[PDB]
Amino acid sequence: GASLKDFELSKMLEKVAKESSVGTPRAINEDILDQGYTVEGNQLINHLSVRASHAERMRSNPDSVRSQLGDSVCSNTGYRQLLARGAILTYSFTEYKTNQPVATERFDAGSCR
């Protein structure tokens, strides 16, 4: 099992996941639903669904997707506090109709540097 400190971090992340999930699912735009947050170990995971056409645009340029996500995460004051405590921010995008993976992008303190 996870160490005492690791399990505690997961519990802290679960508090963030619960508050951040209030009001989800909700539309980010016409193509993307914010489905809220879960925690797996040291990862705070934001789950999002993406419609088929936008999913294709995402798949065609995964480095640009990652870079834009990184810019957002790494300048988010609250996320920076989590990364500063050993957390990983994970974005899990799946297809709206099928739930097939589209993109999965993880960020740690190292990523932000």
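The first residue of the shown sequence is 1; numbering continues from there.
Comparing 46-54 with 70-78, the stretch with the higher mean C-alpha B-factor in the PDB entry is 70-78. Look at the C-alpha B-factors of 24-32 and of 84-92. On average they run higher in 24-32. When all modelled residues of the chain are sorted by CA temperature factor, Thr104 is found within the lowest third. Ranked by C-alpha B-factor against the other modelled residues of its chain, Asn61 falls in the highest third.
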